[PDB]
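Student: Mind looking over this structure? Questions follow.
Derivation of every value follows stated rules applied to the coordinates shown; laboratory data play no part. Because the Cβ atoms are built from the backbone with ideal geometry, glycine has one as well, and the counts that use them run over all protein chains shown.
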Protein chains: 4
Amino acid sequence: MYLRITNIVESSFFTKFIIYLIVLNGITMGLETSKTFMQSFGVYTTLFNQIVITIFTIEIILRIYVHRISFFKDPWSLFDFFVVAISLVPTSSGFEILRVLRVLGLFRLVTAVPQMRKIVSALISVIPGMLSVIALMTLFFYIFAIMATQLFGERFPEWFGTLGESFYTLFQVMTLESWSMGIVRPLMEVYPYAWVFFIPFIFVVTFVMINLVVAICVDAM
Amino acid sequence: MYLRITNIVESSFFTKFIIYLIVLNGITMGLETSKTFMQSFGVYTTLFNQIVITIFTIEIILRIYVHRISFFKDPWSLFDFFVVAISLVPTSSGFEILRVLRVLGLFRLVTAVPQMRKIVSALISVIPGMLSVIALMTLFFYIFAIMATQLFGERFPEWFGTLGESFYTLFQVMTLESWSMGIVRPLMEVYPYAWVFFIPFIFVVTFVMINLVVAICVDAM
Amino acid sequence: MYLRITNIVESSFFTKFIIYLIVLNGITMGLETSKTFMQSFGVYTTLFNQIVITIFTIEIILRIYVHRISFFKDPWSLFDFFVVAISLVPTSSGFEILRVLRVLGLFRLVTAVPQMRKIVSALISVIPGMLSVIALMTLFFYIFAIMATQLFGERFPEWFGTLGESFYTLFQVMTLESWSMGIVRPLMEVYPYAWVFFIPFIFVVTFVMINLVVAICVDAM
Amino acid sequence: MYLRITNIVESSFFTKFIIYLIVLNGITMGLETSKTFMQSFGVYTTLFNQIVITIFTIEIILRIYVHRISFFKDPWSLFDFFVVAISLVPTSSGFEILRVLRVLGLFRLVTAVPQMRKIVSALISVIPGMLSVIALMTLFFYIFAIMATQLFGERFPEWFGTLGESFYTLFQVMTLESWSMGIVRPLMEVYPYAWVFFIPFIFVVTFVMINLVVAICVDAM
Ligand SMILES: C[C@H](CCC(N)=O)[C@H]1CC[C@H]2[C@@H]3[C@H](O)C[C@@H]4C[C@H](O)C=C[C@]4(C)[C@H]3C[C@H](O)[C@]12C
């Protein structure tokens, strides 16, 4: 009977149908946002969603028997699996965080549809030749986040009171958002040489970013 | 009589004269801005504009007989047509929006003048090899917009209360404008882990943008 | 006697001496900033500056006789000439604007020193292959500045009340500084669809900028 | 006895052990941040750090005898030396700044570990072909900083009252952070033409930055 199901799963119909449900589920997730829609089609959608998750679980089971070990060595299948699994965890209990993670299922449209797979794949394959720089950077933040914490945390708890608060603030400085009016001008009211810390940090972190980008451009060419 | 008009329309004079009116109309559209100018040359300009639109309709009609079906398969002509048409719709009625859309007529100067066409044409030809990434991105926003709405909309109606309000805010976050001081720092006063939603969102949306640009550079070569 | 001066002007000494004065003048311009310095070396510097301008005028005269027509066909000499001329206009009269323009003389260090000339020259030579895009852009701002003025000027005079105010505000939007929190969120309190005007404007103006940069990168390669 | 130590220092063990201490020291420097941790493991950590600095000084001494003059002509060793030296300066006296500079020791992890060296080395090698543009820029800031001081310092002491205050503000304008809402819009309330100073400054400083980046991309190829 193995081959009987394999010619179902491997069919065009099967894929087209799933892709069809992804888009339907996606559309319905956005309608589930409208307070108006939910007082009308309230029960309608509550059932429609328990229906779709069933079809998807069936799909992932069928896909598993047709593929066995190959299934759990496909990044895309694993994504489909974990995403369907999250959706399976009961609507209540623990925190509601899981209920929100459901909408990550709509990334199945990247899985189920080729060409989408293609771009995601092209985008991701660029990451490996970055990890040496990403590591350098992370070490860099960590060194500066520790300095910032012990230089500015006492008088500026909100922004630098904690290693993590300093990571957060430095990230903001890196994105250059309000770094002068919001952070360094206030800081200099107490610590007039604070600029000696932040101008260099901005130069280095900016410089590295520019190189990181150059990398990706020259290497693709 | 066909050829009699065709040697008019196709002449050097004809185009030079239209290009002349474009610039004349354009200049006059900026003077129609001055509150001072309109209390003086008020009626003067009101007539000058009704004249120009006539010459332009004549122009588009003459251009149609000389070109027939070819006219309506030329992007530039279609633009010229639709732009003259918007201008034809009566000054009153409906909304005043149309009255504003008239100034889009000055993009004719891109049509009537070569070299302008050339650049616009080059800029546009880059769009096709982007639609997959633009598509990816749009899906991405949509997934994150739906999550933000159900995670932050209750306590932050202005920014996340609505799927579209969430779209707008996320776009702003993408441009990185006030994203920490204006949005995430306030958000964290209620949801201390909000950063888990926005730092990743920023990385992904930035990363993709950086690639989107790389694309255009290497591919142009 | 022509050759007598030509072997002065064309000497290394001559150039080295002028470059020496540029740097001295430059240093002294920054000291002329200190309120402390000016109550001490007040008269000292007032004379030192009238001295330097004399030596420079002599220099530009000597350079002219050794070069005649070639002098006024050298961009660099013309700069040196006009910059020395501005410095010659009496300290008083008209407005003080001229007194400030003096410090532009320190760009003589770009003239008098090669290698500096080289970079300025490389940087400028990139401009010609941009004017078609710069023109497109300027037309673009002009069309949108006029729309913004007649759409938002009434209720938002400070930002959009004038064609120029609209140019200014749109430039700010283009640099993406406070565009949402500072301009478009306030605007939407009155005009809820204002986003239909600014999101497109941001896309187009951003898109063009990215291409403008691609241009310069691919063309150099 | 020379070779006896040389086969220690040059061993795989030696480096692995140092790299181990770097990471151990590094981790412990972040725990020294927790107010909680220090009331518990207070004395524990105070000793652990005096131990590590000893091992590191021994390390740098052993490395010196095995390398002598070659040691002091290796950038990385010089760094390791100066970084260990800063750490040697007593916890008290002068300012506490030195105590903070200790954490710069964690950049050793870049030294002791290859591949890190590799990236840092690649990033740095790009700097030489920039110094002409960095030089141009610095001259540029200096010229505009002096002008801003004498044009805006009187009525705007905080932002332009001082050559250095002007440098800082102009850098902020260069990063484009709050430049219109925070600086030029306020400035124009007194000096309606201030925009003539800042829009050009922004164009030039942006233009140069765009070229600076182009440089690194084409030249890397
Ligand atoms: C195309 C129209 C007439 C239409 C026709 N059928 O001939 C031409 C009539 C006069 C021409 C301008 C001028 O001559 C030379 C300029 C310099 C350079 O060339 C770049 C562009 C020019 C502005 C140019 C633009 C365009 O070309 C026209 C408007």
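Student: If you add up the charges near C:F71, with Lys and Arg at +1 and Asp and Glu at -1, over every other residue whose beta carbon is less than 10 angstrom from its beta carbon, what do you get?
Tutor: Numbers: positive: C:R63, C:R68, C:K73; negative: C:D74, C:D80.
Computed value for this residue: +1.
Student: Taking the Cα centroid of segment A:139-160 and of segment C:174-221, what is the distance between the two, rounded to the nearest whole Å?
Tutor: Centre-to-centre (Cα) distance: 34 Å.
Student: Any idea which of A:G129, B:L31, A:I210 is furthest toward the positive side of the dipole for the protein assembly as shown, if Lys and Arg beta-carbons carry +1 and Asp and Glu beta-carbons -1?
Tutor: Selected residue: A:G129.
Student: So, one more: To test your reading of the geometry: what angle, between 0 and 90 degrees and rounded to tens, separates the Cα axis of helix C:131-152 from the longest principal axis of chain C?
Tutor: Approximately 50 degrees, to the nearest ten.
Student: Here's a follow-up. Which whole number gives the average count of other chain Cβ atoms within 10 Å of the Cβ atoms across peptide D:136-147?
Tutor: Numbers: counts 8, 1, 0, 6, 3, 0, 5, 9, 2, 3, 9, 6.
Neighbouring Cβ atoms belonging to other protein chains average 4 per residue here.
Student: Which of D:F95, D:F14, D:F81 moves most in a GNM of chain D, Cα contacts under 10 Å?
Tutor: Comparing D:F95, D:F14, D:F81 in the GNM, the peak value goes to D:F95.
Student: What residue among D:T111, D:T206, D:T57 shows peak mean-square fluctuation when chain D is described by a Gaussian network model with Cα springs under 10 Å?
Tutor: In the Gaussian network model the winner is D:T206.
Student: Relative to the longest principal axis of chain B, what angle (0 to 90°, nearest 10) does the C-alpha long axis of helix B:42-67 take?
Tutor: Approximately 80 degrees, to the nearest ten.
Student: Can I ask one more? Could you give me the ³J(HN,Hα) list for segment B:30-38, computed from phi with Karplus coefficients 6.51, -1.76, 1.60 and θ = phi - 60°, whole Hz, x at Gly and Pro?
Tutor: x, 7, 5, 8, 5, 5, 4, 3, 6
Student: Let me ask another. Using θ = phi - 60° and the Karplus form 6.51 cos²θ - 1.76 cosθ + 1.60, what ³J(HN,Hα) does each residue of segment C:105-113 get, whole Hz, x for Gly and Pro?
Tutor: Using θ = phi - 60°, the values come out as x, 5, 7, 5, 4, 7, 5, 3, 9 Hz.
Student: Starting from a label point 7 Å past Cα on the Cβ side, list the distances from D:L88 to the same position in the other copies, nm, shortest first.
Tutor: 6.3, 6.3, 8.9
Student: Quick one: give the max-minus-min coordinate of the C-alpha atoms of chain A along each principal axis, largest first, in Å.
Tutor: Per principal axis, max minus min of the Cα coordinates gives 76, 51, 26 Å.
Student: Considering only the label points, 7 Å along Cα→Cβ from Cα, what distances in nm to one decimal separate C:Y44 from the same position in each other copy, shortest first?
Tutor: Ordered by distance, the counterparts are at 6.2, 6.2, 8.7 nm.
Student: Moving to a separate point now. Starting from the Cα of D:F17, step 7 Å along the direction of its Cβ; do the same at B:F95; then give the gap between the two resulting points in nm.
Tutor: 7.7 nm
Student: Let me ask something additional. Compute, for segment C:115-221, the length of the dipole vector about the Cα centre, with Cβ point charges of +1 (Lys, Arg) and -1 (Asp, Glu) only. Units Debye, rounded to 20. Intermediate results must be reported in sequence, preceding the final value.
Tutor: Numbers: 4 positive and 6 negative charges, 71 e Å.
I would put it at about 340 debye.
Student: What is the angle, in °, between the Cα long axis of helix C:163-174 and the longest principal axis of the Cα atoms in chain C? Nearest 10 is fine, range 0 to 90.
Tutor: 90 degrees
Student: To continue, here is another question. If each of A:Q39 and C:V190 carries a label point 7 Å out from its Cα toward its Cβ, how far apart are those two points in nm?
Tutor: 3.3 nm
Student: Please label the shape of the protein assembly as shown as rounded, prolate or oblate, based on the square roots a ≥ b ≥ c of the eigenvalues of the alpha-carbon gyration tensor (a/c under 1.5 means rounded; beyond that, a/b larger than b/c means prolate, else oblate). Working shown, then result.
Tutor: On the way: a/c = 1.75, a/b = 1.00, b/c = 1.75.
The shape class here is oblate.
Student: Ok, one more. Suppose a student asked you for the relative contact order of segment B:101-212, using Cα pairs under 8 Å spaced at least 6 residues apart; what percent would you report? Don't skip to the end; give the middle numbers.
Tutor: Details: 57 pairs, mean separation 20.3, N = 112.
Across segment B:101-212, relative contact order equals 18 percent.
Student: I would also like to ask the following. Whole angstrom only: what separates the Cα centroid of segment A:89-128 from the Cα centroid of segment B:34-61?
Tutor: 56 Å
Student: Loop-only check: which GluC sites (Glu not before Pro) in segment D:141-197 are DSSP coil with at most 14 other Cβ within 10 angstrom?
Tutor: Values: sites: D:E154, D:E158, D:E165, D:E177, D:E189; in loops: D:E154, D:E177, D:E189.
Of the GluC sites (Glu not before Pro), the ones in loops of segment D:141-197 whose Cβ has at most 14 other Cβ atoms within 10 Å are D:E154, D:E189.
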